[PDB]
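Residue numbers (the deposited numbering): 1 to 79.
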Amino acid sequence: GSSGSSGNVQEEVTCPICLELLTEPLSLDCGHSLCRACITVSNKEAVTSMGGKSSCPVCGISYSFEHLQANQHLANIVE
Ligand SMILES: [Zn+2]
Ligand SMILES: [Zn+2]
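In structure tokens:
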């Protein structure tokens, strides 16, 4: 019937990789939410070559799952 009401929200909480709905993603270091599957990797066939760290397919920024819980008190100024 009417348009414009109950429809004013702009949020980017959708896995840009698989292009699906997010139920409980994991905010990366750079600031991106992805699925638990798209991130975690089971099938590892990296033999001839080394390396094995979930990268950021959204933009591409080497991050880690430790820096988040590395510092709690001593925080650096950003602004
Ligand atoms: Zn996904
Ligand atoms: Zn990112």
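For every residue, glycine included, the Cβ atom is placed at its ideal position computed from N, Cα and C.
Please report the straight-line C-alpha distance between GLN72 and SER3, rounded to a whole angstrom.
Locating residue 72 in the sequence shown gives position 72, counting from the first residue. Locating residue 3 in the sequence shown gives position 3, counting from the first residue. Those two C-alpha atoms are separated by around 46 Å.
Excluding the five sequence neighbours on either side, which residues of its own chain have a C-beta within less than 6 Å of the C-beta of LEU34, listed in chain order?
Along the sequence shown, one-based indexing puts residue 34 at 34. Excluding positions up to five away in sequence, the list reads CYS15, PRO25.
Residues that DSSP places opposite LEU21 in a beta bridge
Along the sequence shown, read from residue 1 onward, the residue named residue 21 stands at position 21. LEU21 is bridged to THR14.
Judging by CA-CA distance, which residue of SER27, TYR63, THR48, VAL78 is the nearest neighbour of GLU12?
Along the sequence shown, one-based indexing puts residue 12 at 12. Checked all of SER27, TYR63, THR48, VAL78; the closest Cα to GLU12 is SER27.
Taking 7 Å as the cut-off, is the beta-carbon of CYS18 closer than that to any non-hydrogen atom of ligand 1?
As a first step, residue 18 is located in the sequence shown; it is residue number 18 there, counting from the start. At least one heavy atom of ligand 1 is nearer than 7 Å to the Cβ of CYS18, so yes.
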